Amino acid sequence: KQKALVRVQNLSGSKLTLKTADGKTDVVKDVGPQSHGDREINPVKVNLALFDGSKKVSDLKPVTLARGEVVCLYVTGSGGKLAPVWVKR
């Protein structure tokens, strides 16, 4: 493929989304509570950040994507807080 495969894995008990911190533009679509979502994204620098509803949780920062690259963000829940762990496959 000519795009990178990016997944968001919600391992928490709260709805969250992967979007940018430079605007309202998102990164991965179709992500809800206790679930996951996929999105094919151009092989460019993409600003990653974890939001819970309208609340900014963590700034994961710009990452470099490549064609055919498969990655997945694993966000766990603990103590009422979220712990995003970005994993490359």
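Cβ placement follows ideal geometry from the backbone for every residue including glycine, while neighbour counts extend to all protein chains displayed. What follows is calculated from the coordinates using simple rules that are stated; it is not laboratory data.
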When restricted to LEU82, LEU5, the only residue crowded, with 18+ Cβ neighbours inside 10 Å and among the hydrophobic types (A, V, I, L, M, F, W, C) is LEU82
For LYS29, the lone unmet condition from (1) in contact with a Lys or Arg (Cβ under 6 Å, 6 or more places away or on another chain); (2) under 26 Å from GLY79 (Cα atoms) is (2)
Here the residues within region 45-68 that are of a type outside the set (A, V, I, L, M), in a strand (DSSP E or B) and closer than 12 Å to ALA4 by Cα are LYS45, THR64
Exercise for the section: Might you check whether a residue that is within 20 Å of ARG89 (Cα to Cα) and of a type in the set (D, E, K, R) occurs anywhere in region 31-38? Expected result: yes
Restricting attention to region 42-60, the residues that are touching a residue at least 12 places away in the same chain (Cβ under 8 Å), of a type outside the set (S, T, N, Q) and surrounded by fewer than 16 Cβ atoms within 10 Å (Cβ to Cβ) number exactly 6
Taking the condition among the charged types (D, E, K, R), assigned to a loop (DSSP other than H, G, I, E, B) and surrounded by fewer than 17 Cβ atoms within 10 Å (Cβ to Cβ), does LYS15 pass?
-> yes
If you go through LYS56, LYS61, the only one that is among the basic types (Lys, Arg) and over 20 Å from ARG89 (Cβ atoms) is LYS56
Conditions (1) touching a residue at least 40 places away in the same chain (Cβ under 8 Å); (2) surrounded by 17 or more Cβ atoms within 10 Å (Cβ to Cβ) -> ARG39 fails only (1)
By residue number, the members of region 23-34 that are within 18 Å of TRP86 (Cβ to Cβ) and either among the hydroxyl-bearing types (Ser, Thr, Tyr) or surrounded by fewer than 18 Cβ atoms within 10 Å (Cβ to Cβ) (or both) are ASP26, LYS29
